[PDB]
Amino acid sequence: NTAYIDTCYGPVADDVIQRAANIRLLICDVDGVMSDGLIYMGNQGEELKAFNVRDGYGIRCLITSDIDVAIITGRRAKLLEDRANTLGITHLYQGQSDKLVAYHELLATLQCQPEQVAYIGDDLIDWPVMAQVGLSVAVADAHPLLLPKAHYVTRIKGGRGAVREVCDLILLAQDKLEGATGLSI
């Protein structure tokens, strides 16, 4: 007889709400989480990535509500530094093959406990970190093997507002949703 709470994305288990209430740091993977997993490449070496505006708003709400937001990704691109800058994200880790290193560095840097960390991932590479945190999240269309492992599976797909969904959940859990705002720096 699990207890659930209605949210604007559907019912969420009380255990998940309780985990979300302790979050002081949200860590996000990029490709497949903030985007639908696509990398656009051109003939003169151009590269584009598509980000979702609604996720941006969620990220700003967290940051303005004293909840740190960090990024850990295996890829490396100037465009992501630009994106992080527009969102006010100062903790960006690119070109990371082993995500635990960046994760442990964040814990020490921010003097945060693992139970105070939420992590949104989409592939197996994310699991070693997700296995240790207070709130592990797999996006709706994450690799099938990651889905049953996470504390929460988002209703929204990667690149369509899965990050916003987790931002909304964390703020709801901490009774900060009604008053939160996400204006730019």
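Note that residue numbering begins at 1 and tracks the sequence as displayed.
The deposited model assigns a higher average Cα B-factor to 171-179 than to the other stretch when 16-24 and 171-179 are compared.
The mean C-alpha temperature factor is higher for 142-150 when 54-62 and 142-150 are set side by side.
In the PDB entry, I89 places in the middle third of its chain by CA B-factor.
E105 sits in the middle third of its chain by CA B factor, as recorded in the PDB entry. The entry lists a Cα temperature factor for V69 that places it in the middle third of the chain's modelled residues.
In the deposited entry, the Cα temperature factor of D31 sits in the middle third of values across the chain's modelled residues. For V117, the recorded CA temperature factor ranks within the lowest third of the chain's modelled residues.
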